[PDB]
2 protein chains.
Amino acid sequence: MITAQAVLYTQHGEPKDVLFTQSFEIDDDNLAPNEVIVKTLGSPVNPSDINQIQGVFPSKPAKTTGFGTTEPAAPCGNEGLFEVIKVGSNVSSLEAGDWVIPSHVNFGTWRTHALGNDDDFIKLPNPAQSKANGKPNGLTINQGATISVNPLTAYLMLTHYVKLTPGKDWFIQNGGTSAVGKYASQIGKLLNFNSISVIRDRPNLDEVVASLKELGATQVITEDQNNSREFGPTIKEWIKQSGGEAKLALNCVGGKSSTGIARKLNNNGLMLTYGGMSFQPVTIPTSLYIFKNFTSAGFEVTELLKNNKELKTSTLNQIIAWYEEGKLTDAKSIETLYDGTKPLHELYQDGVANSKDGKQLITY
Amino acid sequence: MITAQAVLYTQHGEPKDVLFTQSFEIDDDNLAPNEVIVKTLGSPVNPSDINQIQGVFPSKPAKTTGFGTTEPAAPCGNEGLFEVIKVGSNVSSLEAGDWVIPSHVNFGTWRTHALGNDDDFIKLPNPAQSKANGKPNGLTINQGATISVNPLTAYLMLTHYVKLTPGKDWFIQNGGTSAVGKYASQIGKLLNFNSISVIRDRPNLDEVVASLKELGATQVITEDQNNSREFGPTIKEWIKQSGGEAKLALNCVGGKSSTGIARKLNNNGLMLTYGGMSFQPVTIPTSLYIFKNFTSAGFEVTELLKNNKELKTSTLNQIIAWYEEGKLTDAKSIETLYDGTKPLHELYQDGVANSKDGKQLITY
């Protein structure tokens with residue numbers, strides 16, 4: 001009998017206030033034919049996880065008594081990497097030792113173990129399988145645990161909405177040093193898309209710029225330069241010389257930044273908003289809508305993929321392969337190991353609180 | 001040999017400063033086979049007309065000498081009602097006495113007469129023709145002179161982008177007392193679309209509200225109510241009881257107003273921005289994009305119909321029919337009759353200056 005820990009809440013609110021840790025048991029001698037037991041390897045703290053706990057995310061796991069609680073409680077975390085421990089008599093798609101991620105949202109990944117059906121999971125190659133398949137790299141635990149949200153977000157925003165002509169057309173994005181921003185630069189490079197990354201000014205600007213250009217940003221400018229028309233002419237010349245157009249804007253900041261990148265688009269431009277920096281609405285000049293046929297839309301990967309398994313699968317398969325082939329690199333997470341000396345929910349509360357330091361991965 | 005007057009400018013700027021009237025001549029004894037001569041019956045002062053004269057607008061008429069000016073000058077006005085007075089030998093589509101509007105922009109409708117091709121015009125039934133064919137009404141001159149932009153704008157925004165289910169679904173619009181707002185309220189009633197009109201508060205609010213409801217607004221609310229967090233439930237209750245959804249917002253104000261009507265849409269809502277007050281950018285909370293799959297787009301009827309004659313014709317025919325059936329009404333213009341005792345351009349200047357008193361129509 002396995003004793004496991006889950007991070008739960010009985011009511012919505014701030015993670016710092018409502019989270020707690022619940023012990024529960026999994027009977028590993030009592031497996032229905034299609035059931036699978038997994039043990040968590042790592043799961044990150046994402047803004048959408050927090051939004052779920054706050055009660056504002058579109059989708060959230062149902063509160064239930066399934067963890068043996070007194071009141072209905074919901075689990076936390078939408079993504080993470082697990083190792084298959086044991087499978088039921090009718091399970092062929094998975095076996096012990098396999099790496100898996102949840103097949104759907106609301107699984108609850110902030111916990112040590114889970115019991116599910118085989119179709120609750122999507123198999124990733126573990127490093128031994130990648131090596132046997134002749135691939136130059138295996139996935140790391142961070143790469144598997146963070147593969148389902150930010151890399152798919154970048155890929156789908158660049159490919160699913162407007163068709164950029166390879167070698168010619170441009171996308172522009174703010175939050176250039178964010179996780180999704182760095183994925184989009186890399187994917188833009190792989191797809192032969194030109195791009196401008198707008199970033200905040202920093203002490204080590206020259207280093208960040210060179211680093212982002214290495215990742216695949218064609219040009220890197222600061223927010224100041226995004227908003228200066230002393231700097232403006234530089235950008236239209238870039239687009240001019242390429243023979244293409246700026247067709248797509250990726251916004252995760254809002255406010256003045258979103259206006260700035262929106263103004264850089266050519267006619268019939270599309271902006272996708274997939275994140276927002278606090279109390280800043282997306283602010284677009286009326287003239288862009290009326291005269292430049294600008295469109296501003298939203299992107300949220302979990303809603304997009306909810307009833308589109310084929311799209312999820314093909315996208316995920318391409319990200320997995322790009323990691324195996326050394327074509328994509330993740331940003332390093334700050335990893336906190338759960339050794340059982342500190343309550344699991346506290347590790348995740350720290351992760352929420354410290355997310356400003358960088359991506360927080362709780363590992364096991 | 002016809003003596004004609006045109007309102008013109010040699011330099012962009014305020015109509016206050018730059019407009020003047022020139023005489024020019026039209027030789028009616030020598031028409032090319034496809035040519036037509038029209039006299040102006042009426043043409044309005046519209047926002048875009050003023051914009052072209054200032055120059056801030058996109059598309060303008062080219063500055064030439066064709067009106068016999070001592071310097072290159074441009075004509076003013078894009079909307080107008082004309083009567084055919086004489087056609088060329090190959091003109092079958094039009095006869096003397098026919099009513100026509102320009103088939104394209106940049107026509108120059110602030111003048112007494114025009115010479116063009118038969119394909120520069122679109123035929124409308126004059127009242128004699130409507131009446132003879134048993135129609136309960138014929139077009140007034142104002143209805144004909146203002147039919148090409150605002151009625152088409154309202155009709156197309158309501159029908160061309162999202163399908164509102166009759167009796168059930170809602171659109172919401174701001175600028176509820178604008179010319180387009182009032183057409184949209186009427187068309188909504190005609191097509192069984194529910195609508196909320198948001199309007200600025202006024203000393204005679206009760207009268208305006210009653211008037212808009214008679215035109216076809218289902219509900220009318222103030223910008224204060226639009227801004228009210230606490231009013232949310234009432235509006236949700238309106239939509240729930242209809243068993244429909246709010247699918248479509250029409251924005252011509254920007255700022256807080258655009259925010260307020262955006263928030264009132266159900267998930268997967270579409271906003272169309274077709275106008276904007278002063279400064280104001282379209283301000284949309286990041287959450288609408290990310291959590292409610294909100295889309296905000298533009299509408300400009302000139303670009304939409306630029307190469308879609310079939311759509312323009314189909315739409316125009318419906319507006320014409322409704323005017324004839326007495327099912328659609330225009331807002332009354334302040335009419336200023338040009339009789340030659342005052343320079344033509346001065347009438348239009350007075351029109352621009354007195355624009356806040358209402359739609360200004362210069363008649364002939």
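Enquirer: Which parts of the structure should I look at to understand the nonpolar core?
Expert: The tendency in soluble globular proteins is for nonpolar side chains to be buried side by side. By size, the foremost hydrophobic cluster in this structure holds 43 residues, and its most contacted members are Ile 147 and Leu 250 of chain A. Viewed by domain, this core spans two of them, domain 1 (1–147 + 333–364) and domain 2 (148–328) of chain A, each represented by three or more residues. Not counting chain neighbours up to four residues away, the residues in contact with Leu 250 of chain A comprise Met 157, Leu 158, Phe 171, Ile 172, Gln 173, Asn 174, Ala 184, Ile 261, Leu 272 and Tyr 274 of chain A. The next biggest cluster of nonpolar side chains, apart from the first, holds 42 residues, and it includes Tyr 155, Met 157, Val 180 and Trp 322 of chain B.

Enquirer: How should the pairing of strand 3 (residues 35–45) of chain A be read in this particular structure?
Expert: Every regular strand shows the same layout, with side chains that alternate between the two sheet faces. All names here are of chain A. Of all 11 residues making up strand 3, 10 are buried, and the element is well covered by its neighbours. Of the strand pairs in this sheet, strand 3 and strand 7 (residues 113–117) are connected by 5 bridges, and their pairing is antiparallel. Opposite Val 36, over in strand 7, you have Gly 116 as the bridge partner. Where strand 3 lies against strand 5 (residues 81–87), 6 bridges are found, and the strand directions are antiparallel. Counterpart to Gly 42 in the pairing with strand 5 is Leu 81. With 4 bridges joining them, strand 3 and strand 17 (residues 360–363) adopt antiparallel strand pairing. By the bridge assignment for strand 17, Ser 43 is matched with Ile 362.

Enquirer: Looking at this structure, I do not really get the sheet that holds strand 2 (residues 20–26) of chain A. What am I missing?
Expert: Strand pairing in a sheet relies on backbone hydrogen bonds, with the paired strands running either antiparallel or parallel. All names here are of chain A. With respect to topology, 3 strands assemble into an open sheet ordered 2-1-4, the strand pairing being antiparallel. Two strands close off the open sheet at either side, each with one partner strand: strand 2 and strand 4 (74–75). Examined bridge by bridge, strand 1 (residues 2–9) and strand 4 share 2 bridges and lie antiparallel to one another. In the sheet register, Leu 8 faces strand 4, and the bridge partner there is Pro 75. Against the sheet, helix 14 (residues 344–353) touches strand 1 and strand 2, its axis set at about 40° to strand 1.

Enquirer: Mind showing me how you'd approach the relation of the copies chain A and chain B here?
Expert: What relates the pair of chain copies is a rotation about an axis plus a shift along that axis. Mapping chain A onto chain B leaves a residual RMSD of 0.8 Å; the transformation is a rotation of 178° accompanied by 0.7 Å of translation along its axis. Such a combination of rotation and displacement between the chain copies is what one expects of a two-fold axis. Most of the interface of chain A is mirrored in chain B, where 92% of its interface residues again form contacts.

Enquirer: Explain the environment of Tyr 274 of chain A here, please?
Expert: Inspection of the secondary structure assignment puts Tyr 274 of chain A in the loop between strand 13 (270–273) and strand 14 (282–284). Sequence separation between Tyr 274 of chain A and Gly 298 of chain A is 24 residues, and the spatial gap between their C-alpha atoms is 6.0 Å. In this structure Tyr 274 of chain A touches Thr 153, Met 157, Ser 178, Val 180, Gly 181, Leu 250, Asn 251, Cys 252 and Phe 299 of chain A together with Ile 290 of chain B, once residues within four positions along its chain are discounted.

Enquirer: Would you mind going over the sheet that holds strand 4 (residues 74–75) of chain B with me for this structure?
Expert: Residue and element names in this part refer to chain B. On the basis of which strands lie adjacent, the open sheet formed by 3 strands has the order 2-1-4 and antiparallel pairing. The two strands at the open ends of the sheet, each matched to only one other strand, are strand 2 (20–26) and strand 4. Relative to strand 1 (residues 2–9), helix 14 (residues 344–353) is tilted by about 40°, and along the sheet it contacts strand 1 and strand 2.

Enquirer: Honestly, the pattern of salt bridges in this entry has me stumped. Any pointers?
Expert: A side chain of one charge can pair with a side chain of the opposite charge when the charged atoms of the two come close. Using the criterion set out here, one finds 10 salt bridges over all chains in the structure. Residue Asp 98 of chain A pairs with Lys 123 of chain A through a salt bridge whose shortest N-O separation is 3.9 Å. One end of the pair, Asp 98 of chain A, is in the loop between strand 5 and strand 6 (99–102); the other, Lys 123 of chain A, is in strand 8 (residues 121–124), with 25 residues separating them in the sequence. A salt bridge links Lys 332 of chain B to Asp 330 of chain B; the shortest N-O distance between them is 3.1 Å. One continuous salt-bridge network, built from bridges that share partners, spans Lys 342, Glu 346 and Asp 350 of chain A.

Enquirer: Just to check I follow, could you spell out the environment of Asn 227 of chain A for this structure?
Expert: Residues and elements named next belong to chain A. Residue position: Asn 227 is located in helix 8 (residues 223–227). For the pair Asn 227 and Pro 44, spaced 183 residues apart in sequence, the C-alpha to C-alpha distance is 34 Å. Not counting chain neighbours up to four residues away, the residues in contact with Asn 227 comprise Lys 256 and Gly 260.

Enquirer: I would appreciate a short explanation of the domain arrangement of chain A in the present structure.
Expert: One widely used convention gives an interface's size as the accessible area the parts lose upon coming together. Residues and elements named next belong to chain A. The assigned domain composition of chain A is domain 1 (1–147 + 333–364) and domain 2 (148–328). With 22 residues of domain 1 at the interface, the matching set in domain 2 holds 17 residues. Taken over both partners, the interface formed by domain 1 and domain 2 buries close to 1,600 Å², and the fraction arising from carbon and sulfur atoms is 61%. A salt bridge links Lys 135 to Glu 324, with the nearest nitrogen and oxygen atoms 3.4 Å apart. Linking domain 1 with domain 2 are 6 residue pairs in polar contact, by the criterion used here. The residue inventory of the side of domain 1 that touches domain 2, partitioned by class, reads 10 nonpolar, 9 polar and 3 charged.

Enquirer: Any chance you could explain the interface of chain A and chain B here in plain terms?
Expert: Taken together, the contacts link 25 residues of chain A with 24 residues of chain B. Carbon and sulfur atoms make up 64% of the surface buried where chain A meets chain B, a total of about 1,800 Å² over both sides. Among the residues of chain A in contact with chain B, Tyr 289, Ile 290 and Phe 291 of chain A are the three that bury the most area, contributing 29% of the side total. On inspection of chain A and its partner chain B, the count reaches 0 salt bridges. For the pair chain A and chain B, the number of links is 7 residue pairs in polar contact. Broken down by secondary-structure element, the contributors of at least two residues to the side of chain A that touches chain B are strand 14, helix 11 (286–291) and strand 15 (295–298) of chain A. For the side of chain A that touches chain B, the class distribution of residues is 14 nonpolar, 10 polar and 1 charged. Where strand 14 of chain A meets strand 14 (residues 282–284) of chain B, 3 bridges bridge the pair, whose relative direction is antiparallel. Residue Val 282 of chain A lies in a different strand from strand 14 of chain B, and its bridge partner there is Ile 284 of chain B.

Criteria and cut-off values
- Residues numbered from 1 in each chain as written, not as in the entry; some residues may be left out.
- Chains lettered and ligands numbered in written order.
- Heavy atoms only, no water.
- Core = buried A, V, L, I, M, F, W, Y, C linked by side-chain atoms within 4.5 Å.
- Buried < 20%, exposed > 50% of the residue type's maximum accessible area, 1.4 Å probe, protein only.
- Domains from an automatic or database assignment.
- Contact = heavy atoms within 4.5 Å.
- Helix = DSSP H or I, 4+ residues; strand = E, 2+ residues; numbered from the N terminus.
- Pairing = 2+ DSSP bridges.
- Axes fitted to C-alpha atoms, helices over the stretch in contact; angles between N-to-C directions.
- Least-squares fit on C-alpha atoms.
- Salt bridge = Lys/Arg side-chain N within 4 Å of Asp/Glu carboxyl O.
- Buried area = accessible area lost by both parts, 1.4 Å probe.
- Polar contact = N/O pair within 3.5 Å; in protein donor to acceptor, adjacent residues only side chain to side chain.
- Nonpolar A, V, L, I, M, F, W, Y, C, P; charged D, E, K, R; others polar.

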